[PDB]
Chemist: 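Below is one structure. I have some questions about it.
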Amino acid sequence: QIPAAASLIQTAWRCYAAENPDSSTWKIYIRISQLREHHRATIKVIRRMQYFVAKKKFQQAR
Amino acid sequence: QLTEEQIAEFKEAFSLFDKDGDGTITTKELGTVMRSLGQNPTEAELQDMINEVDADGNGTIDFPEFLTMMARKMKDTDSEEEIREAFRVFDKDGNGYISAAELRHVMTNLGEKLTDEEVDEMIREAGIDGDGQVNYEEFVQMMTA
Ligand SMILES: [Ca+2]
Ligand SMILES: [Ca+2]
């Protein structure tokens with residue numbers, strides 16, 4: 001099923017791209033004026049959690 | 001395969017979320033960290049995140065459960081197969097290629113909706129061929145390498 005498939009791909013890619021400090025995935029946090037270390041900390045955690053959520057829904061849908 | 005440097009960082013990260021200090025992460029506290037990063041998570045999303053980490057089922061995240069989440073493998077053979085099986089959804093004729101135009105549409109307009117700059121970077125890494133197609137096994141490999 002298509003929504004679960006897309007979310008698995010997109011959350012996996014957001015985890016992977018966040019390992020690159022110069023990736024454009026960092027430019028979307030316009031609420032933060034200067035990305036600092038604790039910012040890159042919490043973001044990486046959140047994206048990780050959103051990947052395991054999407055993995056779980058993809059398993060249910062396939 | 002876990003150091004005292006790795007655990008110190010995971011413990012400092014755990015406390016950025018546990019605003020209470022009671023040793024436990026609540027949906028409310030997770031929503032507060034997300035909302036300060038400028039995200040607007042629904043309660044449904046916050047409860048799903050907590051429920052995928054909360055192993056014992058009491059509705060909160062203790063440090064051991066946080067550790068399991070941070071140490072859980074993402075680049076293994078089984079996760080590789082799930083991502084691969086996710087791309088096959090969009091490979092309508094099962095030939096190993098997705099149309100670059102179909103890929104960018106799905107990535108920007110379905111699911112979590114990536115930005116156009118995020119998809120530019122994503123599609124630039126696999127390459128588009130002369131025929132406008134993207135070999136998606138390239139994503140499966142470069143993301144799990
Ligand atoms: Ca707490
Ligand atoms: Ca718990």
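Just so you know, ligand 1 is whichever comes first in the structure, and atom 1 is the first atom listed for that ligand. Within every chain, numbering begins at 1; the chains are lettered A, B, ... in the order of the sequence lines, protein sequences first and strands thereafter. Basis for what follows: all heavy atoms, side chains included, without hydrogens, waters or symmetry-related copies.
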Chemist: Between the Ca ion (ligand 1) and B:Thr26, is there an N, O or S atom separated by less than 3.0 Å?
Modeler: no
Chemist: So does A:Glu19 pair up with B:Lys75, basic N to acidic O under 4.0 Å?
Modeler: yes
Chemist: Have a look at B:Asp18 and say which of its N, O or S atoms is nearest the Ca ion (ligand 1).
Modeler: OD1
Chemist: Apply salt bridge (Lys or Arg N to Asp or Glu O under 4.0 Å) to B:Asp129 and list each qualifying residue two or more places apart in sequence or on a separate chain.
Modeler: none
Chemist: Tell me, please, if B:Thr24 has any N/O/S atom, main chain or side chain, under 3.0 Å from the Ca ion (ligand 2)?
Modeler: no
Chemist: Using only N, O or S atoms, tell me which atom of B:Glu65 is closest to the Ca ion (ligand 2).
Modeler: OE1
Chemist: Look at the side chain of B:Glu65 and the backbone N and O of B:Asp62, then say whether any donor-acceptor pair between them is shorter than 3.5 Å.
Modeler: yes
Chemist: Heavy-atom count check: over 12 atoms from other residues, nucleotides or ligands less than 6.0 Å from B:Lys113 NZ?
Modeler: no
Chemist: For N/O/S atoms only: which one belongs to B:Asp54 and is nearest the Ca ion (ligand 2)?
Modeler: OD1
Chemist: Once rounded to 10 degrees, what value does the angle at the Ca ion (ligand 1) take between OE2 (B:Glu29) and OD1 (B:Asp22)?
Modeler: 150°
Chemist: Can you check whether A:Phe52 reaches B:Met74 side chain to side chain, under 4.5 Å on heavy atoms?
Modeler: yes
